[PDB]
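Engineer: A single structure is presented below for examination.
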Amino acid sequence: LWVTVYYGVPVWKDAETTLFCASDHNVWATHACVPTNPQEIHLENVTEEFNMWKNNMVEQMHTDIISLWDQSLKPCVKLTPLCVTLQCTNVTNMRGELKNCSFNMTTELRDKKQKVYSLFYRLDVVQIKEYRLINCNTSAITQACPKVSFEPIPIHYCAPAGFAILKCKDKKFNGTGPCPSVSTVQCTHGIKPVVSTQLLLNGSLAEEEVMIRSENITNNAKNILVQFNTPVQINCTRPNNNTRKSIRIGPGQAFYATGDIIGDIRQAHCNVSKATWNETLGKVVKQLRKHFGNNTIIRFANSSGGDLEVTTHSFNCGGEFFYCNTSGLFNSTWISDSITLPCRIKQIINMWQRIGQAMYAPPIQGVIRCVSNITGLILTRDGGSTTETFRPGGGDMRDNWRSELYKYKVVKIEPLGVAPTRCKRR
Amino acid sequence: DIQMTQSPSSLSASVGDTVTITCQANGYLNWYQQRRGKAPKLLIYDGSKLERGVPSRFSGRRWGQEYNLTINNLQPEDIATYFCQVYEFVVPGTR
Amino acid sequence: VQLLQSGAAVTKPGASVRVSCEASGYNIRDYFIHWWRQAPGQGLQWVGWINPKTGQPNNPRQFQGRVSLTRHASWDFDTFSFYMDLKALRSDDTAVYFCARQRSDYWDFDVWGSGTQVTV
Amino acid sequence: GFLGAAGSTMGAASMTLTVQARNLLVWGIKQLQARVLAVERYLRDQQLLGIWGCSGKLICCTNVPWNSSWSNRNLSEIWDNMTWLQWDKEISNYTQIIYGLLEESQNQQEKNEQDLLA
Amino acid sequence: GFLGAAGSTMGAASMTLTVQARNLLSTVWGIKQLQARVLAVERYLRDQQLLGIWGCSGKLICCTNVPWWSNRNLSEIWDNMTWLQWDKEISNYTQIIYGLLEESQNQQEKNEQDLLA
Amino acid sequence: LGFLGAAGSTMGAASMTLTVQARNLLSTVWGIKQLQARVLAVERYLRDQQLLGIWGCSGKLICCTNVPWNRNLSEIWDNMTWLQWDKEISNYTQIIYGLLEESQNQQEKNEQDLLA
Ligand SMILES: *[C@@H]1O[C@H](CO)[C@@H](O[C@@H]2O[C@H](CO)[C@@H](O[C@@H]3O[C@H](CO)[C@@H](O)[C@H](O)[C@@H]3O)[C@H](O)[C@H]2NC(C)=O)[C@H](O)[C@H]1NC(C)=O
Ligand SMILES: *[C@@H]1O[C@H](CO)[C@@H](O[C@@H]2O[C@H](CO)[C@@H](O)[C@H](O)[C@H]2NC(C)=O)[C@H](O)[C@H]1NC(C)=O
Ligand SMILES: *[C@@H]1O[C@H](CO)[C@@H](O[C@@H]2O[C@H](CO)[C@@H](O)[C@H](O)[C@H]2NC(C)=O)[C@H](O)[C@H]1NC(C)=O
Ligand SMILES: *[C@@H]1O[C@H](CO)[C@@H](O[C@@H]2O[C@H](CO)[C@@H](O)[C@H](O)[C@H]2NC(C)=O)[C@H](O)[C@H]1NC(C)=O
Ligand SMILES: *[C@@H]1O[C@H](CO)[C@@H](O[C@@H]2O[C@H](CO)[C@@H](O)[C@H](O)[C@H]2NC(C)=O)[C@H](O)[C@H]1NC(C)=O
Ligand SMILES: *[C@@H]1O[C@H](CO)[C@@H](O[C@@H]2O[C@H](CO)[C@@H](O)[C@H](O)[C@H]2NC(C)=O)[C@H](O)[C@H]1NC(C)=O
Ligand SMILES: *[C@@H]1O[C@H](CO)[C@@H](O[C@@H]2O[C@H](CO)[C@@H](O)[C@H](O)[C@H]2NC(C)=O)[C@H](O)[C@H]1NC(C)=O
Ligand SMILES: *[C@@H]1O[C@H](CO)[C@@H](O)[C@H](O)[C@H]1NC(C)=O
Ligand SMILES: *[C@@H]1O[C@H](CO)[C@@H](O)[C@H](O)[C@H]1NC(C)=O
Ligand SMILES: *[C@@H]1O[C@H](CO)[C@@H](O)[C@H](O)[C@H]1NC(C)=O
Ligand SMILES: *[C@@H]1O[C@H](CO)[C@@H](O)[C@H](O)[C@H]1NC(C)=O
Ligand SMILES: *[C@@H]1O[C@H](CO)[C@@H](O)[C@H](O)[C@H]1NC(C)=O
Ligand SMILES: *[C@@H]1O[C@H](CO)[C@@H](O)[C@H](O)[C@H]1NC(C)=O
Ligand SMILES: *[C@@H]1O[C@H](CO)[C@@H](O)[C@H](O)[C@H]1NC(C)=O
Ligand SMILES: *[C@@H]1O[C@H](CO)[C@@H](O)[C@H](O)[C@H]1NC(C)=O
Ligand SMILES: *[C@@H]1O[C@H](CO)[C@@H](O)[C@H](O)[C@H]1NC(C)=O
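Chains as they are written, first to last, in our numbering: chain A, 674 to 1099; chain B, 80 to 174; chain C, 183 to 302; chain D, 5 to 122; chain E, -18 to 98; chain F, 41 to 156.
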């Protein structure tokens, strides 16, 4: 008949764009984030085809977190007079974990030098009784700049004008596929940028039950993501009572060493409840049996091997970096009181899987304690198989971020349409 | 589970004829031709697409759960052992 | 893209053998490395992969507790060395060992190693 | 609200165009880029709207004849049963030539006629 | 000149709209000017869109349908009061009108023509 | 036949290809250099559109005005090009713009307002 033009029709297309930060003295620079009740609109009669393994939000979040990490280490002290020949002895005469290492150092005047000491961990020094820092042959050290805090705070990811973020409200939702309950939103909820390898902490819980999501479960080279419907409380502690001592290494440059420890030297550790973990493992086995035979045997085991970052549950509690031995949890074999996990502490950190640059971490005085809620798991399956066995695994932060952005997606609005109508222009 | 078989066993194709090696499997399948006392080489990947650097005569086709590779204008140098691997499961192959 | 291999090794029963590959020609950290072994007059047998970025291996139930996979990068991350250790040589461990590069999710190994003869 | 009538049919989604029409307008460059991109996209859409003689109107009628080759369905069904998203894919192939026809046939010749007869 | 009719009455200040209308568009120092340019463009575009949705495109004086808070007489309003006093007085009642024009009054009128033709 | 393809053609023949010229107006090192161009093009386009809007000719490629004027139209539209026209008449364009701004548009608004 005739063609007519409509401006402002509801139509969207898949696209990728830069999303900015809205968030209600911090590493993630939330002061630059714009201030953020947000409205959410329900869409009926609609089924959007979602995919969580190929969305661009995770890549942009990864590069933005890396950029925020990098730009917050520029102003603060560059510790590269500390690559000298240390002389270390035992702290007491658990044994051999701490060392008293003395060395020479520079001072405010170029022609003068001083002799100082500090308490180092066994994981930060390498023997040449003369030791040296672990990474003076591979990278340079910059201090962690005590004026900032490492505590994560929620961050939103909001879209520009002309774009929208679709959400899936299906409770029992698989990683990929249609969502019969799509809604729209300007931007997401608060996401805490927490770093961990084997257990997910301070995350978002499932609504209905435990969910299993992997890109292709038949391929053993891809990890399995497990989400709990109820959290598992875990208490981590650092019994030692440290004292921090400040050392001047130049004009306006300060190095924060460790004076000593008051009282007794005790091992840092984390506690989990046995019965709740047993129930959680039973639920996980019941859900895992759906992707295999109904009579197959399930097993769990210690990590196979690798670096210290992937073989141990790694995180930070209040500014100290914990690596915890988790081989007491995955100890089971399923056929159809508390648990204490010894931990170790490290200060020289190679973060984001980069081998070029490293970071220090000043000692924090007082006793440190954390209470956190385990929400998820990352697993791998041994190939060559009944009797499927699963090991803990991790090391890639995109798996950490993907467990939060599995329901969101970004779309672009196209407000032009042409339609047949009987009207004729004058 | 993954079940995959390669029935033809040994063949007796002659020079200048067309040969076909068939197999059945589920999942991604790849064809390798190994000469005696040498490392394997990839001919066709995903069971339909041929890697760059192999002559265009080698062609493999998939239908349902049955795959097979056909070679036409056979040359004397093509007397090797041909086998198909899904993910981590391999069969002895055909010679 | 070129890999390398070590010479043939002869070891007594109840000993340990070490086989090394070396990949110099490409971005090593972005592709897995797989190991295979072939018995005389038999098809290929799967040995597990190793992730170059983190080093975590994955071995089947047959080789659990007997095989170790490690990698050691060098300065500037230009070359890599991938090792394979076998703990207790048995009567029927004789085979030829290859190292392969998985290009993508299809599990298609375009580049293979020269091979090593292991005899007890 | 925004995109509220996404699931509704074409007939009931034509009364809510204003809702979408008035919502079209490190951490320092990611805001400036978005702010300029929105303006560029809005100006491009408005330019294409204007050069067809439809500037300032949400629903404009055009004197470009519509043949059955591009698409053919009953007018009762199109506006009563199917959705805008469903229609977008069906006619997506022939949009460019329709825009080309709207370019000069709708307005340019009529512009010359108005110039002569004024 | 620019803003010169400020003290004049709304009757005599409505004849110079154009002179105020022109001036809407018109490394530390290299970043404080691009921000100003983008901000000016954005504000002008938002005002233009607001005018256009109500049915007023390229018109400095419009007439619209909604009836008409105030109790003053027309002569009183346009005889002695200035624009700024009116703006300060009636800042509360603007939001009612803004959504009233765009939502229904124009949106209805955009349909009957389509129905008529 | 294309962008600026009637540059040498006579004004009468050039006036038929308005749309091809009108369409192309809108659309680290070389990271800010592209942004500068992106802002500049939008600014220029908006300025030209504002000038058209003030005169009452918004959204019109061939507008008619109410401002009256040798130079018979027969020689102008048949024997000259737009470039020579520009070189000859660029002197008076400011006074023509000034007349167009308020002599014929704001007045028309006054009569339209007072009529209803
Ligand atoms: C997961 O979230 C919980 C939220 O409770 C985190 O626990 C909290 O950790 C912070 C950081 O140490 C604690 O703040 C500290 O409190 C002490 C005592 O008031 C104060 O002296 C310090 O200056 C600091 O403000 C906070 O108390 C603690 N919350 C609880 C209930 O204990 C936990 O760290 C998070 N886990 C991870 C891995 O991020
Ligand atoms: C760690 O040691 C410090 C001493 O350096 C303790 O600090 C004292 O705490 C008590 C308890 O409130 C106060 O009354 C004192 O004034 C504190 N300062 C002193 C004694 O100089 C601290 O309590 C110790 N930590 C723990 C967990 O006991
Ligand atoms: C974590 O679990 C350990 C082990 O049960 C707790 O350590 C016990 O603490 C009580 C109170 O001081 C002692 O009487 C027990 O002897 C300790 N257990 C052992 C094995 O020595 C610890 O209190 C728990 N909570 C934490 C660390 O916050
Ligand atoms: C981990 O720490 C939490 C918090 O200190 C412990 O929760 C306490 O549980 C007891 C009973 O078991 C309650 O009487 C306390 O009131 C709880 N604390 C608070 C602050 O409410 C928990 O028991 C600890 N151990 C775990 C979770 O294994
Ligand atoms: C896997 O479990 C084994 C044992 O349960 C752990 O291996 C032990 O490692 C210590 C470290 O020196 C050795 O002294 C023991 O002899 C080992 N056990 C055996 C049985 O040989 C191993 O730590 C666990 N995996 C991880 C990643 O921790
Ligand atoms: C992680 O924890 C496990 C369990 O405690 C450790 O395995 C024990 O290691 C000691 C080390 O000599 C052995 O004596 C024990 O026999 C091992 N336990 C079992 C059940 O075999 C393991 O060593 C820890 N990992 C590390 C790196 O210390
Ligand atoms: C894992 O990968 C395999 C192989 O790429 C997928 O197998 C395909 O499955 C679809 C639907 O079942 C079939 O139409 C294809 O013919 C299969 N491809 C083959 C046999 O080569 C499998 O679907 C993937 N797993 C998931 C969960 O997507
Ligand atoms: C589409 O949504 C509307 C609004 O809720 C509803 O009335 C209608 O029944 C829906 N369509 C179908 C086919 O259910
Ligand atoms: C110090 O620690 C080392 C390492 O455990 C130990 O061998 C030595 O006996 C200790 N005592 C000394 C060196 O006096
Ligand atoms: C510090 O330097 C002096 C140089 O006189 C040297 O004798 C001493 O051993 C050094 N101290 C340490 C801990 O290396
Ligand atoms: C978990 O609990 C069940 C039932 O109480 C028990 O049969 C099972 O042995 C427990 N698991 C472990 C590892 O003890
Ligand atoms: C569990 O761990 C303990 C010690 O960590 C070990 O002795 C035991 O063999 C493991 N397996 C069980 C109890 O099935
Ligand atoms: C688990 O801990 C987090 C943070 O400490 C808290 O927000 C959450 O409410 C806790 N879980 C439950 C069930 O309360
Ligand atoms: C071999 O070729 C086809 C593929 O073209 C394969 O599907 C089928 O199994 C075989 N066909 C015959 C005729 O053997
Ligand atoms: C640095 O020294 C350590 C300790 O000997 C060594 O393991 C590491 O390989 C060295 N770095 C490089 C790049 O070789
Ligand atoms: C200022 O007010 C006086 C008093 O009515 C008036 O005569 C004069 O014109 C006003 N000035 C302007 C610029 O409007």
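Where is the CB? At the ideal position from N, CA and C, for every residue including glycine.
I'd like to know whether the C-beta atoms of residue 202 (chain C) and residue 264 (chain C) end up nearer to each other than 8 Å.
Structural biologist: yes
Engineer: Counting only Cβ pairs nearer than 8 Å, list the residues of chain F close to residue 122 (chain D).
Structural biologist: Taking the beta carbon of residue 122 (chain D) as reference, the chain F residues within 8 Å of it are 104, listed in sequence order.
Engineer: Say the cut is 7 Å; is the CB of residue 908 (chain A) nearer than that to a heavy atom of ligand 2?
Structural biologist: no
Engineer: In the DSSP assignment, find the unbroken beta strand (DSSP E) run with residue 713 (chain A) in it and report its ends.
Structural biologist: 713 to 715
Engineer: Could you give the first and the last residue of the continuous beta strand (DSSP E) run that contains residue 942 (chain A)?
Structural biologist: Residue range 942 to 946 is occupied by the beta strand (DSSP E) that includes residue 942 (chain A).
Engineer: How about residue 166 (chain B): is its C-beta nearer than 8 Å to some C-beta of chain A?
Structural biologist: yes
Engineer: Tell me, please, whether the CB atom of residue 83 (chain E) is closer than 8 Å to any CB atom in chain D?
Structural biologist: yes
Engineer: Show which residues of chain C have a CB atom less than 8 Å away from the CB atom of residue 977 (chain A).
Structural biologist: 238, 239, 240, 241
Engineer: Identify every run of the beta strand (DSSP E) within the stretch 826 to 891 of chain A, keeping only runs that are complete inside it and at least 3 residues long; order them along the chain.
Structural biologist: 836 to 841, 850 to 852, 855 to 858, 872 to 874, 884 to 886
Engineer: With residue 22 (chain D) and residue 90 (chain E) assumed to form a contact (beta carbons below 8 Å), what rounded beta-carbon distance in angstroms separates them?
Structural biologist: With 8 Å as the limit, residue 22 (chain D) and residue 90 (chain E) do not qualify as a contact, their Cβ atoms being about 12 Å apart.
Engineer: Please name the residue, chosen from A:793, A:894, A:739, that lies closest to residue 1036 (chain A) on a Cα-to-Cα basis.
Structural biologist: A:793
Engineer: With burial defined as no fewer than 16 other Cβ atoms inside 10 Å of the residue's Cβ, what is the status of residue 838 (chain A): buried or exposed?
Structural biologist: Sixteen is the threshold: when 16 or more other Cβ atoms of the shown chains lie within 10 Å of the Cβ of residue 838 (chain A), as they do, the residue is buried.
Engineer: Using only alpha-carbon positions, find the residue among E:22, E:61, E:32 that is nearest to residue 79 (chain E).
Structural biologist: E:32
Engineer: Where in the stretch 693 to 767 of chain A do unbroken runs of the beta strand (DSSP E), each at least 3 residues long, occur, reported from the N-terminal end onward?
Structural biologist: 713 to 715, 721 to 723, 759 to 763
Engineer: Between the stretch 684 to 704 of chain A and the stretch 1073 to 1090 of chain A, do at least 3 Cβ pairs fall closer than 8 Å?
Structural biologist: yes
Engineer: Please list, in chain order, the residues of the stretch 94 to 115 of chain B that have any C-beta partner in chain A closer than 7 Å.
Structural biologist: 106
Engineer: So which residues on chain C does residue 121 (chain B) lean against when the C-beta distance must stay under 8 Å?
Structural biologist: 290, 291, 292
Engineer: Based on Cα-Cα distance, which residue from F:52, F:71, F:80, F:76 lies nearest to residue 65 (chain F)?
Structural biologist: The option with the nearest alpha carbon to residue 65 (chain F) is F:80.
Engineer: Determine which residues of the stretch 10 to 21 of chain E have a Cβ less than 8 Å from any Cβ of chain F, and write them out in chain order.
Structural biologist: 15, 18, 19
Engineer: Would residue 76 (chain E) be called buried (16 or more neighbouring beta carbons within 10 Å of its own) or exposed?
Structural biologist: exposed
Engineer: Helix, strand or coil for residue 120 (chain B), going by three-state DSSP, please let me know.
Structural biologist: strand
Engineer: For residue -12 (chain E), which residues from the same chain have a beta carbon less than 7 Å from its beta carbon, with the 5 sequence-adjacent residues on both sides left out?
Structural biologist: 63
Engineer: For a cutoff of 8 Å on Cβ pairs, would you count residue 48 (chain D) as touching chain E?
Structural biologist: No, residue 48 (chain D) lies away from the interface with chain E (no Cβ there is under 8 Å from its Cβ).
Engineer: Under 8 Å Cβ-Cβ, which residues of chain D neighbour residue 62 (chain F)?
Structural biologist: 55
Engineer: List in chain order the residues whose CB is within less than 5 Å of at least one heavy atom of ligand 11.
Structural biologist: A:951, A:1005
Engineer: Using only Cβ atoms and a threshold of 7 Å, which residues come within that distance of a heavy atom of ligand 8? Order them by chain position.
Structural biologist: A:717, A:718, D:11, D:12
Engineer: Near ligand 13, which residues have their beta-carbon less than 5 Å from any of its heavy atoms, given in chain order?
Structural biologist: A:904, A:1046
Engineer: Please list the partners that residue 56 (chain E) has in chain F, where partner means a Cβ-to-Cβ separation under 9 Å.
Structural biologist: None at all; the shortest Cβ gap to chain F is about 16 Å.
Engineer: Which residues bound the alpha helix (DSSP H) around residue 53 (chain D)?
Structural biologist: 33 to 53
Engineer: If you drop the 5 nearest sequence neighbours on each side, which residues of the same chain put their C-beta closer than 7 Å to that of residue 184 (chain C)?
Structural biologist: 206, 207
Engineer: Which residues in the same chain as residue 169 (chain B) place their Cβ atom closer than 7 Å to its Cβ, once the five residues preceding and following it in sequence are excluded?
Structural biologist: 162
Engineer: Keeping to the same chain, check which residues put their C-beta closer than 7 Å to that of residue 80 (chain B); ignore five residues upstream and five downstream.
Structural biologist: none
Engineer: Taking all protein chains shown into account, decide if residue 852 (chain A) is buried (16 or more other Cβ within 10 angstroms of its Cβ) or exposed.
Structural biologist: buried
Engineer: When the cut-off is 8 Å and only beta carbons count, does residue 67 (chain F) lie next to chain D?
Structural biologist: yes
Engineer: So if DSSP puts residue 1032 (chain A) in a beta bridge, which residue, or which two residues, is it bridged to?
Structural biologist: A:815, A:1022
Engineer: Is it the case that the CB of residue 976 (chain A) approaches a heavy atom of ligand 6 more closely than 7 Å?
Structural biologist: no
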